[PDB]
Structures are given as structure tokens and as C-alpha cells.
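Student: Got a structure for you, written out below as C-alpha cells; questions coming shortly.
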Amino acid sequence: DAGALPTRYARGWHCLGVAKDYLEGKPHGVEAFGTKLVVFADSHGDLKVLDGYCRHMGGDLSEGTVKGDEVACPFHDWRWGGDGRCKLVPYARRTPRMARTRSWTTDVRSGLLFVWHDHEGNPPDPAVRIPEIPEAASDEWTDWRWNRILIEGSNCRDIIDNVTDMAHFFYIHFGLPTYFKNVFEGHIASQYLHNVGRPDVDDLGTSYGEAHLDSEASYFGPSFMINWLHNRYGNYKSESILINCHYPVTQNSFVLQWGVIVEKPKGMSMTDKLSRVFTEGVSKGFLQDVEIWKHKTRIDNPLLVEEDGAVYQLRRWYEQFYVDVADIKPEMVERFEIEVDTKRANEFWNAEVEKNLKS
Amino acid sequence: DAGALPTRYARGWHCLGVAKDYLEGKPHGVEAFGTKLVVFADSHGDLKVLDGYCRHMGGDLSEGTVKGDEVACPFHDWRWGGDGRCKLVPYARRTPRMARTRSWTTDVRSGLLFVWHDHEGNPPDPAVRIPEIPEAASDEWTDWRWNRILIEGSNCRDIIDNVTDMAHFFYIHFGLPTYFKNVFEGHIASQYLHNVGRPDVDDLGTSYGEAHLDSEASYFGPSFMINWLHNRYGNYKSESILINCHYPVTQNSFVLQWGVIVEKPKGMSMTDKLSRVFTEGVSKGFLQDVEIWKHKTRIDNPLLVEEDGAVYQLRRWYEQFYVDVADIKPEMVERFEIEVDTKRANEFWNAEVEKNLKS
Amino acid sequence: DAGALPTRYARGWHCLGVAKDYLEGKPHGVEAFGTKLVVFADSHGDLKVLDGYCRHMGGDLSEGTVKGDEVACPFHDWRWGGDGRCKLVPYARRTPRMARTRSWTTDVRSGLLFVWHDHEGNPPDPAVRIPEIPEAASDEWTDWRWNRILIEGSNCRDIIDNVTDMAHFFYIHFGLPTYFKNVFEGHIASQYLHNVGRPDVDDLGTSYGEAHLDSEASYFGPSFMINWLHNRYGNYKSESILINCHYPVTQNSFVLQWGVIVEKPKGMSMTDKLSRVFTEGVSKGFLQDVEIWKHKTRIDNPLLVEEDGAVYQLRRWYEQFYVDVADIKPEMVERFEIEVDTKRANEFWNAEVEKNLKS
Ligand code: FES
Ligand code: FES
Ligand code: FES
Ligand SMILES: [Fe+2]
Ligand SMILES: [Fe+2]
Ligand SMILES: [Fe+2]
Ligand code: NA
Ligand code: NA
Ligand code: NA
Numbered sequence: 014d015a016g017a018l019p020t021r022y023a024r025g026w027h028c029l030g031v032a033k034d035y036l037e038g039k040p041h042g043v044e045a046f047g048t049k050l051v052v053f054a055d056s057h058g059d060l061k062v063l064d065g066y067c068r069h070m071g072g073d074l075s076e077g078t079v080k081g082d083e084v085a086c087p088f089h090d091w092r093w094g095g096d097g098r099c100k101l102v103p104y105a106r107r108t109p110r111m112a113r114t115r116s117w118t119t120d121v122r123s124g125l126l127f128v129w130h131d132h133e134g135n136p137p138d139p140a141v142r143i144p145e146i147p148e149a150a151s152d153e154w155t156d157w158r159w160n161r162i163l164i165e166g167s168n169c170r171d172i173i174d175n176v177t178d179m180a181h182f183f184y185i186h187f188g189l190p191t192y193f194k195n196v197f198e199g200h201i202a203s204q205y206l207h208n209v210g211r212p213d214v215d216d217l218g219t220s221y222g223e224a225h226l227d228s229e230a231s232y233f234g235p236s237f238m239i240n241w242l243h244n245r246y247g248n249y250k251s252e253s254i255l256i257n258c259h260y261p262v263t264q265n266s267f268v269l270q271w272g273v274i275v276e277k278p279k280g281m282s285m286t287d288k289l290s291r292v293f294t295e296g297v298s299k300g301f302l303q304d305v306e307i308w309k310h311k312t313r314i315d316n317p318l319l320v321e322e323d324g325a326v327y328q329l330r331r332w333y334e335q336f337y338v339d340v341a342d343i344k345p346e347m348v349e350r351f352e353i354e355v356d357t358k359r360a361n362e363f364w365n366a367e368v369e370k371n372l373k374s
Numbered sequence: 014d015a016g017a018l019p020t021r022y023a024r025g026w027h028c029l030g031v032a033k034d035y036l037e038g039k040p041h042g043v044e045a046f047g048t049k050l051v052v053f054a055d056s057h058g059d060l061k062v063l064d065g066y067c068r069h070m071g072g073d074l075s076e077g078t079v080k081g082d083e084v085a086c087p088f089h090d091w092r093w094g095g096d097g098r099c100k101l102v103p104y105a106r107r108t109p110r111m112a113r114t115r116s117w118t119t120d121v122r123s124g125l126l127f128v129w130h131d132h133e134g135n136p137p138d139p140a141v142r143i144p145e146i147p148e149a150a151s152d153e154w155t156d157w158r159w160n161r162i163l164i165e166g167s168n169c170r171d172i173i174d175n176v177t178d179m180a181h182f183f184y185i186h187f188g189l190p191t192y193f194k195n196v197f198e199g200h201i202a203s204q205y206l207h208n209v210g211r212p213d214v215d216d217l218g219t220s221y222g223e224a225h226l227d228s229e230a231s232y233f234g235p236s237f238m239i240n241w242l243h244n245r246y247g248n249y250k251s252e253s254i255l256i257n258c259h260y261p262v263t264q265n266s267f268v269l270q271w272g273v274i275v276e277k278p279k280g281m282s285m286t287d288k289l290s291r292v293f294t295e296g297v298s299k300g301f302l303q304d305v306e307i308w309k310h311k312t313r314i315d316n317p318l319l320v321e322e323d324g325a326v327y328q329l330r331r332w333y334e335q336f337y338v339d340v341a342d343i344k345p346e347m348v349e350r351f352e353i354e355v356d357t358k359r360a361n362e363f364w365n366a367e368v369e370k371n372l373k374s
Numbered sequence: 014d015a016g017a018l019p020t021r022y023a024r025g026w027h028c029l030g031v032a033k034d035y036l037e038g039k040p041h042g043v044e045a046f047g048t049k050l051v052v053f054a055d056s057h058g059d060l061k062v063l064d065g066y067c068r069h070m071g072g073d074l075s076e077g078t079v080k081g082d083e084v085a086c087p088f089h090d091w092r093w094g095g096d097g098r099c100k101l102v103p104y105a106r107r108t109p110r111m112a113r114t115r116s117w118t119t120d121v122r123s124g125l126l127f128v129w130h131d132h133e134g135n136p137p138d139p140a141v142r143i144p145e146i147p148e149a150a151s152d153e154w155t156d157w158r159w160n161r162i163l164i165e166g167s168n169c170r171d172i173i174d175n176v177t178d179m180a181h182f183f184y185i186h187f188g189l190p191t192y193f194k195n196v197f198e199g200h201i202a203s204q205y206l207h208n209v210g211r212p213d214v215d216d217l218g219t220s221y222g223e224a225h226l227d228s229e230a231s232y233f234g235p236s237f238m239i240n241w242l243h244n245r246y247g248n249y250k251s252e253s254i255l256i257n258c259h260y261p262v263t264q265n266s267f268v269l270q271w272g273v274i275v276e277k278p279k280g281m282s285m286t287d288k289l290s291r292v293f294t295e296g297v298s299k300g301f302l303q304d305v306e307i308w309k310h311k312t313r314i315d316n317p318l319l320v321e322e323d324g325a326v327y328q329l330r331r332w333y334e335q336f337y338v339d340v341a342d343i344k345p346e347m348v349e350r351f352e353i354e355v356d357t358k359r360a361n362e363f364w365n366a367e368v369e370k371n372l373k374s
């Protein structure tokens, strides 16, 4: 190899997408966690998730209908509540007593739908709830532009390695990482970055390329990352938020999603034109990661240099989600920090940048 | 789960389709029973089935030719009789002596081709021969309109559960089952039905919907069902026969077939126009089952109500085909009958029908 | 069955195609031997092969670039020499010391690229080097017209059985084998053939069909065959060379390739017109084998007649490549010859040829 497959899917919150796309006003089928899931909303507009296959004789609940607070199976119309309780068998003398299917705990946060997953079958620790993003509810920000792809032939765990790599900021995103720090603690892993645009990549000048980016990116649990993007072109500031999230479909396939909201420029003219530019731009930055992730294997026992930083400590952090809560080791979870020195690399890269535009 | 896969394919007769489609005058390839099969007719027009792969060096006999009473392998022209005997190697000094491949016992019944399958390798019990349908040879009836699909991702055993379910007649076929009885005995499982058209499903009236259907449906062995359809619209009677049959390709894929013949209306004008309407109509009734079967799992340990009827007894009946003939249990095979009470359901359903057209 | 899958890929030289197609001047991805391979040339134009996945964090080297004598990984630009040595990590203070990936020994012979494979991980025995074909470097011959297909659902070992079969020359290639001899010795298996065109296959005459073909075909190791084709139409001689070669992708899939060069006719008129006819013609002869190979299984325990010749001795020869060099048995490798008597078959076939054109 590199790498024996996980035997479970990770314990945590997984984002299924934009909440308003699961509300129309039918059930939705999602394949996830090696099964099929049914997603549907209440008569109160509250979102529920169940095993997708009817416990009676196997009808696909996602092919059925919402009737009041229950999804009705397409086959014989039995009625399943968001808590999994069989509420009614319409034509029967006696609805089964205290029957239920598996229900999944759900959370709507920042206009996004999350489901909880735990192999051990325990409910969500309140301590690991996904944070609200205030700007998702601001009329001063755009609303989620959201994308999703299916990646086959790898495990979702392959993509989290990005948290820890300073050097790809140059080769993949075409900037110069001038500051690089990782923090792991509890259920959160973070990356803090200062990045400068490269002069040799067509937005130079001189005196007219020169974006500076300050980035904080955090994983809140195993699968969901918020990235706060503050960049500048001199004195022109722009603010954005990129969501990088995934959920496993299989141990060899997963859905990768990304969303972007931007602080609307005031403005102007509508000003939608310029927000599309800001959005498509963060989107293209994400898509440069996808190109790599799409054509790469995971390396279980990597050849590492000092500049790799905290690769092992990050993999140790991520293990916590795959062990029973009772088996979590201090060192998975205790505060770890590392600043990666980017000064030699930056002098090498500036030399290569210089070398390139001397032509 | 629901359900550990069978380790054998069922012992019995399996229909391969309309006999006249296997007669033209070449061999035919069929994948079935986890292998490849070759089908071909005699110089007497008698139909034979063999393992499809030549015992010499593996040529695909279905890619070859019929020469007299033998199929000639495309590779080196060896000649295989319908009983599996190597009859000739044309260029050789000495044809192998008492060499053979596996041959499959065949039956042409009602213009349909059947092959026999038994894991134990024993020949067909005469007691289980598939019955003749006289109307398949009547010029007073239409001839087989026949359809076939490949279902991937399930086992063929999933579809036989339909024999025992009264309630889908309402939700799936949009009628009201007014009488419902099952009989299992020997190698045959039967369903007897009286069904009334629903007023809320656009053929009402009042006084102008109102079909009454009397249905007898029997499985003759594991895979082949004849359904006798007698319905009325007042005094206008119509007669039809639906064949529901399948054969396994793999333990996770099978071919589902259906054929319909109708009693031709006298007539009239040709009268082909009206026979097409009668045929397409039974066909669409079958296709409503297919929609369910296409998007459903089998439930091995189902949540059952009283109205489910004889679900366990039917699964016990079907087991007989998967055990060695010597291991068949009395209770698989002894006469079992159940009438399912449809009176409460029918009052519930009439209320819902009433509720619907009050709008 | 027929046949338990090999547990290794064969020890020997495998042809990857025309060397000039791997030189342009980027790396190439090839799937082979159950992995992914990267192919690239030097700054000296010398061709190298490595494991395709970067040992750092798994980037696909075939998606990267050639920089001097090394392929640069697309992910972080590490630099890998044709011998597998990590030569530089560009941005790092310290390149890893004495780090390497797996490199594959390479050979350019007759304008074709070969890679060496050995489960035991030993280098190429000089004794088994693939011979030069002088005519591949002659301006009196055409240059490689080359074709490649992917065969899924079989093992590459299935096709080598052709070496030993006289009778397919009639049924598959439509000629009459008048002389047939096999020689196995060491790492080489050979077929010597005299073939006459069939009168009943539209190039008769009389006095105007009547090609005579003298053929020598040799496997040099497990996967690569040169076939020298000398045929005549009376006094008009033509010379060609067909390469039949393959490499395994998986134990159930492989790439089959074929190339043809012809002695250019002098000439004439350009004379390219006639060389295309000669080439397309050998190509179509090869393609008649492919039709069989595409629709056939391997038979592990075949029903054989005397006319089958040395089927077992050929399979025993081929075993050598699948055992450890230390475990090769005398009888795999010692000189074996057999002439197959084609006289009775030829009288049978002439009778059938006669029978056919009497119509
Ligand atoms: S299968 Fe769901 S109601 Fe019967
Ligand atoms: S493979 Fe069937 S005749 Fe040789
Ligand atoms: S993955 Fe190849 S250089 Fe890092
Ligand atoms: Fe990135
Ligand atoms: Fe039905
Ligand atoms: Fe051949
Ligand atoms: Na790093
Ligand atoms: Na029922
Ligand atoms: Na032979």
C-alpha cells in the first residue's frame, strides 16, 4: 500500500448541503455512510433524517411522500416520524406498538444541514456542535453558492492532509506563504496563513498584482472546515468564507462539497456582477486543490522533510474520530501548535519567480 | 442487512422467453445461473441448451453456427449435440470417445422456452412440469407480446413477496382488494383476488369507472407465474393472461420478463387496434410493480401487521427450491391457506377515496 | 472453473509501445502490473520508468513535468531520477538523504520501449534480452504502424495458447496449414508454419489466389512475439514483420498490442499506397485472432485430440515465468520439438473447400 481502510466512518457532524435544498416539500435520497438515507422536513419546516429503506418490506422512503410530520413509504403508505417511530399504518387495525427505524440527529446551522454519525451509536456531544456563521444570515453578505462532486476511488481522509502543508500554496495556488501555523486541540484542527500573490503569475505589475491574503481555516470535527479569507490589493479589502466539507458514501468514495459567501461591495453598479467575480475566484482556488485530490493516492508511511510540519500530529488528531470515545488518547486531543518556518523556501521561490520573469 | 445471499440458484423450470425467438436458425447466448449458456435448435426444430464455453479451448459456442443437429464452435468447428456429446471433430483422425459438456433439460410449453436447473444435478420431476396454456395456441387469442428487463443490484427472490400482499393493490395498482386468499401446496403458490377500480383514479363516473377484476395468479415452481385476468366494466367482459417470470443471471442480478395474451374481441373494426389497448393496459399494471421492485431492498426480518397475511409461510414454501430434495420439510410443502380480511382496510380506503374527490 | 488466477505477474520484458510516443517531452501514465507507472525521458532522450505515485504524499508523477533528468511531482515539485533517487526537494533546507522510489529497468530495442518485471525483484538476465529487428532501422522498410487494445475480463495468459494450434489457421485465418512445427527452449517458444490460401475464400482463381506463406513466430519471454511473414502469389514475394505483444494491467485485464512493418516494394508509383495495403492486410489477419480472444475463456483442463500438439508442453514452458528463478524445472526449459501432422486434416479441408465451391 499506502494504507489499510478505516473499518468505521468517523464520529461527527457531516454537512449534507444547503438546508433550503432539502425542503421542497418532498423527501430526498442521500447515499452516505455505506447506506441510503432519507431526508425530509416537518410540517414545522424542521429537517429529519432516517434510514432510507422501509422496515416493513423495503420500500425506498426517499421515493415516497411527506404527509404531515411523517414520510409515507411509497409501497404501502406506512408513516415514519423524524424520530424513527412508526406513527401509523393507515389501513391496519393495529399500528405496530413501539416500532421504529434508525433516525439520525440533524442540525441546521448557518443555513446548512448537518447529520450526526457515531459508530458507537451515542448522541452528539454538545461540545462539538458546528459554530454559526453570522454572515450566512447577513443581507450584507451573499448567500451560499454551493457545489458538490463525487470522488470515487479514494477515502475522504485523504483530503484532510492539506491542513498541514505550506508548500502547496506555491505550486498549487500560486502564492507565497509568508507565515504558516497549525493549531490542533479537542475536535478542532486549524491552519493560519499569510499568503502573497506571485509576481510571475499574470497579475503582477509591478505595483499592481500583490494580493495579500490572511487566512484562518478550521476543521470543526472530522469533515467540515470553515475558511475565513481576508485579502487585499493594496487598500482594497475583500472578505470571504469558503466551506470545505465532505461526507463518505463508501470507504472508497465520498462527496466533496464547497460553498462560498462574500461580503458585498458597497456599492455601486447591479453589484451582483462583482460578487460573482469574488465568488468564482475563491471557487477556482478550491478547484486547484480538487485537481490534486482527484489524481493522488494517500501515503500511509510518507517521506517527510522538516518543512512538512505537523503531518503526524494532524493524523493523530484525526484518529480520535475513529476510536471509541472511551479510547481517545491525551495526545490526540491536547493542544498542539507549530509554526512552520517559511523563510528559506520563500527565498528559493522568489529566486524562481525572478528567474521566470527575466523571460 | 436485510438478508444473506442464497448459495445456489433455485431448483426448477426457468423461462427463457418466446421459443420462436430462439429459432433463427443460429445459436443464442444467454447469461444465466452465474454462467453463459448456448441455446440452439435442431434440424428437427427442437431446442437445446448447453454450457456456452467449448470444452476444447474455450470458444464461445453462442458465437458459432448450427450444422445439422449440433452447434459448431467458432474456434475449431468441434460439434456438440443437444445432449452435450462431442459428435465430431471434423479435421481429426479420432473424435474424442464419450466426451461431453453439460447439457440442460429444455421444455417448449405454450410457445415459451424453459430450462431446468438443479444444484443437485438431478433431472426434472415430472410432477413440476409447467402447465400448457391452451390460449397460447388459440387463433381466438392474441400471440405473446413479450418484454424483458435486467434488474441489477437485487436477488430475484425479492419479487416473490408480492404473492402475499393485499395492500399494494391499492397504493400501487389503484384498486380496492375486496377479496384476498393465498394457497401454497407442493411447488405451487397462488393468489386469488377480487379487485375494484378506485373512483378517485380518473376512470370514475359515477356509473362509468367500476372495473371488477377477478384474478388467479400462481407460481408453478420458483420463477414462473401465470396470472388469469377476468375483468368487467359492467357487462363488458375481457379476458387476459399475464406471465410474470424471471431467471437469475448472478446472485445480485436477474432478468425479469413479462408476456401478455388477450382474448380477441369479436369483432369488429382491424380489431388489432383494441387488442393493443388491452395488452398495453395489463403491461402498464405490471410496470407499476416494476417501479417498486426497482427501488427496494429485501427485508429478511420484516415488521409485520396482521394484514400482511402469510409472509412467513410463503418464504417457507420458497425455501423448498433451495434445499436438497431430500431435505424438504413437511411444512414447506403441505397445503396452507389463508384468507386475508380486507373489510377494515376497505372502509379506510373508501373514506380516503371519498376525501379525495370532495376536491 | 477453468483456472485459478496467477498470484504474480510474469517475470520478463514487456513492451509498452513505440519509444517515440513516450518522448514528447512530458511524462506518460501507464497502468500495468496492478499499479500505475510513470514513463519519461532524460535530457539525453533516455527513457525511464518509475512507480507513478510520489513517495512524499501521493501525487501522480505522470501528471507532472520533466525538469532536466528528473520528473517533478505536480504537488510539491520533488524531483525523481530515472533510477528512483529523490534528487531534490526544491524549497527544502535538506533534501532527504538516500531516499528512493521503485524504478523499473527499461530497454529501447527496434524503436520499441520495454520494461522489466520480476516478482523476486532481481534485474534482467542478459540471456533474455529482446532481440533487435534490423528492419525497424531500414529505410527499405516501413516504420511501425502500431495498435493497442484493452481486453477486460480475461488474463493475458489466455492468448499464448495460439502458439500450438494448427487447426485455427483454417477456421480463423482461412488458409490451409501444410506444415506445422513447434520449438520450445529456454525463454523462447516458436511456431513454424507453411500456409496455403483457401480457394473457396474469394481470392481463388483458379490460377490467381494461391498465396503461400512461410511463417516463423517466436515468443521472446512471456509477453513479446516477433512474427516473420514471407508470402507469395506465384512469384511476387512480400516480406513483413508482425509484433504480437501484451502487458497485464490487472489479473483480469491486459493491453494487447500489435505492430507491423513491411518491406517497401521497389518502386514505383507514391509507393506508400501499396505499403498501406500490405499493412492493413496483416493487421486484419491479427484482428481475426482478436475476435476469438475477445469471446473465449481459458480452459485449464482441456479436452485434447492428437492434432492439438504440444498444448501441455507449451503451458509447462510458460510456467517458468511464474516461479522463482531457483525453482525452474528442467522440463520447463529443455529443448522440446514437435511436428504436427497436417495431412489428414488437409485432405478433409480440401474436400470441404471443394464441396463449397461446387455452389
Ligand atoms: S414497504 Fe414501506 S409501507 Fe410496506
Ligand atoms: S475451442 Fe471449441 S473447437 Fe476448439
Ligand atoms: S506529493 Fe510529490 S512532491 Fe509532495
Ligand atoms: Fe489548498
Ligand atoms: Fe402487483
Ligand atoms: Fe492466429
Ligand atoms: Na508544510
Ligand atoms: Na397482505
Ligand atoms: Na495443433
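Residue numbers (UniProt numbering), protein chains in the order written: chain A, 14 to 282, 285 to 374; chain B, 14 to 282, 285 to 374; chain C, 14 to 282, 285 to 374.
Just so you know, even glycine gets a beta-carbon here, dropped at the ideal spot from N, CA and C.
Could you check the C-alpha separation between residue 108/B and residue 66/C for me, to the nearest Å?
Tutor: Computed Cα separation, rounded: 54 Å.
Student: So is residue 66/B in contact with chain C if we call contact Cβ pairs under 8 Å?
Tutor: At least one chain C Cβ lies under 8 Å of residue 66/B.
Student: Bridge partners of residue 342/A, per DSSP?
Tutor: Paired residue(s): none; residue 342/A is not in a bridge.
Student: From this set, 141/B, 252/B and 309/B, which residue's C-alpha is nearest residue 294/B's C-alpha?
Tutor: The candidate whose alpha carbon is nearest that of residue 294/B is 252/B.
Student: What does residue 180/B touch in chain A if you count any residue whose Cβ is under 7 Å from its own?
Tutor: Here the neighbours are 89 and 104.
Student: Would you say residue 268/B lies against chain A (beta-carbon separation less than 8 Å)?
Tutor: Cβ-Cβ to chain A under 8 Å: no for residue 268/B.
Student: What alpha helix (DSSP H) runs, 4 residues minimum, are completely inside the region 160-205 of chain B?
Tutor: For the region 160-205 of chain B, whole alpha helix (DSSP H) runs of length 4 or above, ordered along the chain, are 181-184.
Student: Are three or more beta carbon pairs between the region 258-273 of chain C and the region 15-28 of chain C nearer than 8 Å?
Tutor: Yes: the two stretches touch, three or more of their Cβ pairs being nearer than 8 Å.
Student: Taking Cβ positions only, does residue 170/C come closer than 8 Å to chain B?
Tutor: No, its Cβ sits nowhere closer than 8 Å to a Cβ of chain B.
Student: Cβ atoms of residue 32/C and residue 126/C: under 8 Å apart, would you say?
Tutor: Yes, they are a contact pair.
Student: Starting from the C-beta of residue 246/A, find all residues in its chain whose C-beta is less than 6 Å away, skip the five residues before and the five after it, and write them out in chain order.
Tutor: Once the five neighbours on either side are set aside, the close Cβ partners of residue 246/A are 224.
Student: Pick helix, strand or coil for residue 337/A, following the three-state DSSP scheme.
Tutor: Three-state DSSP puts residue 337/A in a helix.
Student: Of the residues that make up the region 332-350 of chain C, which ones have a beta carbon closer than 7 Å to any beta carbon in chain B?
Tutor: Answer set for the region 332-350 of chain C: empty.
Student: Grouping DSSP H, G and I as helix and E and B as strand, with all else coil, what is residue 136/B?
Tutor: Note: residue 136/B maps to coil in three-state DSSP.
Student: So with CB distances below 7 Å, who are the chain A contacts of residue 312/B?
Tutor: Neighbours of residue 312/B on chain A, chain order: 66 and 71.
Student: Tell me whether residue 178/B, by its Cβ, gets closer than 7 Å to a heavy atom of ligand 8.
Tutor: Answer for residue 178/B: yes, Cβ within range of ligand 8.
Student: Taking one C-beta from the region 304-311 of chain B and one from the region 196-205 of chain B each time, how about it: are there three or more such pairs within less than 8 Å?
Tutor: Too few Cβ pairs lie closer than 8 Å, so no.
Student: Provide the residue(s) that pair with residue 231/C in DSSP beta bridges, ordered along the chain.
Tutor: Bridge partners of residue 231/C: 203/C and 239/C.
Student: Please state whether DSSP places residue 34/B in a helix, a strand or coil.
Tutor: Three-state DSSP puts residue 34/B in a helix.
Student: Run down chain E in chain order and give the residues with a C-beta less than 9 Å from the C-beta of residue 112/B.
Tutor: Considering every chain present, this structure includes no chain E. Its protein chains are A, B and C.
Student: Buried or exposed for residue 315/B, going by 16 or more other Cβ atoms inside 10 Å?
Tutor: It counts as exposed.
Student: Is the separation between the beta-carbon of residue 69/A and that of residue 190/B shorter than 8 Å?
Tutor: It is not a contact, given that the beta carbons lie outside the stated cut-off.
Student: Can you pull the chain B residues whose beta carbon is under 8 Å from the beta carbon of residue 107/A, in chain order?
Tutor: Correct list: 320 and 321.
Student: I'd like the list of long-range same chain contacts for residue 136/A, defined as Cβ closer than 8 Å, with 5 residues on each side in sequence excluded.
Tutor: Excluding positions up to five away in sequence, the list reads 118 and 129.
Student: Would a C-beta distance cut-off of 8 Å place residue 30/A and residue 311/B closer than the cut-off?
Tutor: Their beta carbons are not under 8 Å apart, which means residue 30/A does not touch residue 311/B by this criterion.
Student: Roughly how many angstroms lie between the CA atoms of residue 352/A and residue 260/C, to the nearest whole one?
Tutor: Roughly 49 Å between the two C-alpha positions.
Student: Let me see if you follow: with CB-CB separation under 8 Å, is residue 76/A close to chain B or not?
Tutor: Answer yes: the Cβ-Cβ gap between residue 76/A and chain B drops below 8 Å somewhere.
Student: Do residue 95/A and residue 61/A count as a contact pair if the criterion is CB distance below 8 Å?
Tutor: In this structure, residue 95/A lies closer than 8 Å to residue 61/A by Cβ.
Student: At 8 Å on the CB atoms, spell out the chain B contacts of residue 364/C, in chain order.
Tutor: Within 8 Å Cβ-Cβ: 104.
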